[PDB]
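One structure below.
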Amino acid sequence: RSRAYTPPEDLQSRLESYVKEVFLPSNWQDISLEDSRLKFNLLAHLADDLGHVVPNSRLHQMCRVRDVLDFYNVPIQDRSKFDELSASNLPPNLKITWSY
Amino acid sequence: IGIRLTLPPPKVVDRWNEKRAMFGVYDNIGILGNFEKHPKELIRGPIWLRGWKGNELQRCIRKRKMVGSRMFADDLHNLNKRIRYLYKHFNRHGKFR
Amino acid sequence: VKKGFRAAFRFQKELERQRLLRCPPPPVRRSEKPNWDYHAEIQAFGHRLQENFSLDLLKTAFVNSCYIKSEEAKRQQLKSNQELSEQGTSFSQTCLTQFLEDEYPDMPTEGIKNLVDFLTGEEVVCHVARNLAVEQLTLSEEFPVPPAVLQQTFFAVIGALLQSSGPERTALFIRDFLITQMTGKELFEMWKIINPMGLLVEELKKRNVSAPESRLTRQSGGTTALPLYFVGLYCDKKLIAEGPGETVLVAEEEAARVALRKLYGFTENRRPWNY
Amino acid sequence: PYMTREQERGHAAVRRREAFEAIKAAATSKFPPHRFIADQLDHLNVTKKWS
Amino acid sequence: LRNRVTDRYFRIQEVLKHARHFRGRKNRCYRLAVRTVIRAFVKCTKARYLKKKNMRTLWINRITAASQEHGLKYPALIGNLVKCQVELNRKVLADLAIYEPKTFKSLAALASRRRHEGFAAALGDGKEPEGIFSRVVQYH
Amino acid sequence: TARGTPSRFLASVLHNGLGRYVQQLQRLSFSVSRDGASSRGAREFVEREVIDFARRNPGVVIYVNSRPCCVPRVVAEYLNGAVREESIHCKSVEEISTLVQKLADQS
Ligand SMILES: [Mg+2]
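Protein chains in written order, with the UniProt record's numbering: chain A, 56 to 78, 82 to 158; chain B, 32 to 128; chain C, 31 to 107, 119 to 316; chain D, 52 to 102; chain E, 10 to 149; chain F, 2 to 108.
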């Protein structure tokens, strides 16, 4: 369990597979998600399989399938700021300690 | 030397105390409790200043008028003198008039 | 009791300041203090003076033999500086003689030898090395570092620089950090001699020039406690020097010293060193 | 003097006129500034920490 | 005493850290120290201007001494070094008179040459060839 | 004033400009708390300006201690043994950057 996420290279064909299974036509980027049941089923399957759930704040922002696609292909990574700086290729005169 | 030599023993503050965690509750009991009670029926204190603010003269006048029948004799005399002084002060002393 | 916390805290810090001034702690070495990493600081010492070092050679150039003896003594409860130290001292003495002979050609060998001895002596090397973070990086037994150990580590640093990046770069290092210590300092503050009159007479016979005559040119208050005797040193009725003094003997001594300075090229008005 | 009296009249009155139109527009355009959400949320940033 | 002052030792010590070198009870008692330290800061602020004035007076005294040593006077030296477009100030002239006396003798000779050329120019009035040192260099 | 204060003559460390110029600053020691508003700007300094500052001048060793401090500190140690400890309490990134460049430039 972590918010560490990397978007898979086959996010697309997985996501055509899931939108096919929940329902269909061409131009499927423009499928409306105004119905609550279909959007619930889609996002529940995506969160169950990919291990990443849409937060409550971004839940109204996705109205088409294309917003669901643009949400899942951003890398959300997490670590402590010490691991952020220490892996940022420091020049050899920074020594950063973490007394925590 | 008017300063202490040693640091005082530390003030342990429990931010999740019983009063602190449940502070503020039922302050919106009117707007979403069908208006059966006011928030001002929640505050506890003196009888004469439950749900009412004023300056010192209005507070002393209200304290006299509401609970002066059962106040102590020297406390009542002090309050009468205080109301007399504050009446002489708010109405004859000042800069803005 | 005045309630509060910040005033008592500030007073505690001020009392700790007074305690640190009144009975100050013995000077502990910098390596036994917080915020210290030896490798990054050796790299920064390399980059500080604007050249490159081989890091293993510099690490060996900072390790004294007394440190090995001490840590084996503590072990019962590493390469030293040596070959680097004689390498550095040998090349430093040769380069300093080369620099002092190229610019100041008329000087005798004894004077140049004593100038080189002064520039590699304990005083000026321990003054330079304590202002280049050599003592902080020096790994020794005790603190503060004794002057012989500090001089040995400084010449080990010069030797490591030699083996790292060549005689021209090491010559520039010596030029920038040892020749520059001669600035504003006169000759006989550096090469201390006794009886300068005899040295002047010998040097004057070396040029096939007649013996100088001491001759009182100027004077003021001859019988007061504060005289001014200007003894000039003449040769064939043309002076080689003139010098002041409180009495005639010290004035003649100063005239001989001024003649020695003028003959050898240490006038105060000489050409400055070019950098 | 370079000209007589009768020549000076109205020769620079136009500049005085639009100079006062400029200072009048300056006096009649003083009004409270725009308020943004960005400054208030910038104040919300005062508890930003590390992770 | 709901909130009386806890941080009063440090204000007294902020004033008294300036008065530690005074004489008598000014260096100890806060009242006398406040009066003397306010006066001392005022004296510092005015003494910057006084320092400039006294230092220029010192330079003028030194230049007067050296030019009198060469036989001239200070007004002749300045008013005749200005006329050759030698725009040195008194500080440099005074330090030159101390440390480098032959350059000061050259400056004195130059000023005397300009003085004599000015005397020759203002005596024979009319169109005359100007002195060699008397020429000015225009700047456009 | 000047009589209540010690004075010195203008000088350099080891004739600092004759042969070569030597960066007179050795070290710098920020103590930057993970949670605390006082060091908030200092936190952003460590996010933004410290790597560029160190790559601008490699002779200076920079330590970010990141202890749970209350007032953050920059400690500039110099070649002649001097220590100048300065408080970056309640300062923005720009004032901290100018102060750190002030410490780095001077002797
Ligand atoms: Mg003036």
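We put the beta carbon where it would ideally sit given N, CA and C, even for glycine.
Closer than 9 Å at the beta carbon, the chain E residues around residue i
| i | result |
| --- | --- |
| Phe41(C) | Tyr18 and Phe19 |
| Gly82(B) | Neighbours of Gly82(B) on chain E: none; closest Cβ ~26 Å, over 9 Å. |
Exposure of residue i, with buried meaning 16 or more beta-carbon neighbours within 10 Å
| i | result |
| --- | --- |
| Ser34(F) | buried |
| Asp104(E) | exposed |
| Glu46(C) | exposed |
| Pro69(F) | exposed |
| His27(E) | buried |
| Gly33(B) | exposed |
| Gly80(E) | exposed |
| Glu293(C) | buried |
| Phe35(C) | exposed |
| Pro73(F) | buried |
| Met148(C) | buried |
| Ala129(E) | exposed |
| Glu309(C) | exposed |
| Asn315(C) | exposed |
| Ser102(D) | exposed |
| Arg71(E) | buried |
| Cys136(C) | buried |
Residues that residue i contacts on chain A, provided the C-beta gap is smaller than 9 Å
| i | result |
| --- | --- |
| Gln193(C) | Per Cβ cutoff of 9 Å: no residues; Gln193(C) is ~28 Å from chain A at best. |
| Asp67(C) | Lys153 |
Endpoints, alpha helix (DSSP H) assigned at residue i
| i | result |
| --- | --- |
| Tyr58(E) | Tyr39 to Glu78 |
| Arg49(C) | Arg36 to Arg52 |
| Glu50(F) | Where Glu50(F) is concerned, there is no enclosing alpha helix (DSSP H), given that its DSSP letter is neither H nor E. |
| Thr150(C) | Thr150 to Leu160 |
| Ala145(A) | Careful: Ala145(A) lies outside any alpha helix (DSSP H) and carries neither H nor E. |
| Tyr73(A) | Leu66 to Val77 |
| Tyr108(E) | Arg99 to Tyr108 |
| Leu36(B) | No alpha helix (DSSP H) contains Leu36(B), which DSSP labels as neither H nor E. |
| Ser95(C) | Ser95 to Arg105 |
| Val62(F) | Element bounds for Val62(F): not the alpha helix (DSSP H) but the beta strand (DSSP E), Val62 to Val65. |
| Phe196(C) | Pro188 to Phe218 |
Proximal residues of chain F, C-beta to C-beta of residue i below 8 Å
| i | result |
| --- | --- |
| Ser157(A) | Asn66, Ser67, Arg68 and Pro69 |
| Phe50(E) | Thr2 |
| residue 118(C) | Residue 118(C) falls within a stretch that is absent from the model, since chain C runs 107 to 119 with no residues between. |
| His30(E) | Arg4 and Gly5 |
Interface flag, residue i vs chain H, CB-CB below 8 Å
| i | result |
| --- | --- |
| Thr179(C) | No chain H is present in this structure, whose protein chains are A, B, C, D, E and F. |
Proximal chain C residues relative to residue i, where beta-carbon distance stays under 7 Å
| i | result |
| --- | --- |
| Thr15(E) | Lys32, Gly34 and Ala37 |
| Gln27(F) | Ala174 |
Terminal residues of the beta strand (DSSP E) in which residue i lies
| i | result |
| --- | --- |
| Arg28(F) | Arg28 to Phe31 |
| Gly129(C) | No beta strand (DSSP E) contains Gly129(C), which is instead part of the alpha helix (DSSP H) from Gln123 to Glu144. |
| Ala282(C) | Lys279 to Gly286 |
| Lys153(A) | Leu152 to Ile154 |
| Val76(F) | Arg74 to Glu78 |
Interface residues of chain F facing residue i [CB-CB closer than 7 Å]
| i | result |
| --- | --- |
| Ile154(A) | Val65 and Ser67 |
Per-residue contacts from residue i into chain E (C-beta, under 7 Å)
| i | result |
| --- | --- |
| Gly125(B) | In chain order: nothing, as chain E lies at least about 26 Å away. |
Cross-chain neighbours of residue i in chain D, by beta carbon under 7 Å
| i | result |
| --- | --- |
| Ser138(A) | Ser102 |
| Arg74(F) | Residues of chain D passing the Cβ test: none, with the nearest at roughly 17 Å. |
Chain-ordered chain D contacts of residue i [CB-CB under 9 Å]
| i | result |
| --- | --- |
| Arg44(F) | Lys99, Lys100 and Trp101 |
Amino acids of chain C, ordered along the chain, whose beta-carbon sits closer than 9 Å to that of residue i
| i | result |
| --- | --- |
| residue 115(F) | Chain F is shown only over 2 to 108; residue 115(F) falls outside these bounds and no answer can be derived. |
| residue 19(B) | Given a span of 32 to 128 for chain B in the structure shown, any question on residue 19(B) remains unanswerable. |
Closer than 8 Å at the beta carbon, the chain C residues around residue i
| i | result |
| --- | --- |
| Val14(F) | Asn172 |
| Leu38(B) | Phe35, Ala38, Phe39 and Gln42 |
Chain A residues whose Cβ lies nearer than 8 Å to that of residue i
| i | result |
| --- | --- |
| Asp147(C) | The contacting residues do not exist; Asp147(C) stays about 48 Å from chain A at best. |
| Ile52(F) | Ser146, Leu148, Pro149 and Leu152 |
### Message
Check whether the segment 56–64 of chain D and the segment 246–266 of chain C are in contact - that is, three or more C-beta pairs closer than 8 Å.
### Response
no
### Message
Does the contact criterion of 3 or more C-beta pairs under 8 Å hold for the segment 52–68 of chain B versus the segment 97–107 of chain F?
### Response
no
### Message
With three or more beta-carbon pairs closer than 8 Å as the criterion, would you say the segment 131–145 of chain A touches the segment 99–115 of chain B?
### Response
no
#### Entry: At least three beta-carbon pairs within less than 8 Å, the segment 56–66 of chain C to the segment 173–186 of chain C
yes
### Task
Would you be able to state if there are at least three C-beta pairs under 8 Å between the segment 47–58 of chain F and the segment 148–158 of chain A?
yes
### Any 3 or more C-beta pairs closer than 8 Å across the segment 76–91 of chain E and the segment 37–52 of chain E
no
### Cβ contact (3+ pairs, closer than 8 Å) linking the segment 302–313 of chain C and the segment 226–242 of chain C
By the Cβ criterion, the segment 302–313 of chain C is in contact with the segment 226–242 of chain C, since at least three pairs of Cβ atoms, one from each stretch, lie closer than 8 Å.
### Query
So does the segment 213–223 of chain C actually touch the segment 270–281 of chain C, counting three or more Cβ pairs closer than 8 Å?
Under the three-pair Cβ rule at 8 Å, the segment 213–223 of chain C does not count as touching the segment 270–281 of chain C.
### Message
For the segment 90–109 of chain A against the segment 118–129 of chain A, do three or more pairs of beta-carbon atoms, one drawn from each stretch, fall closer than 8 Å, so that the two count as touching?
### Response
yes
### Query
Pairing CB atoms from the segment 16–30 of chain F with CB atoms from the segment 76–83 of chain F, are three or more of them under 8 Å?
yes
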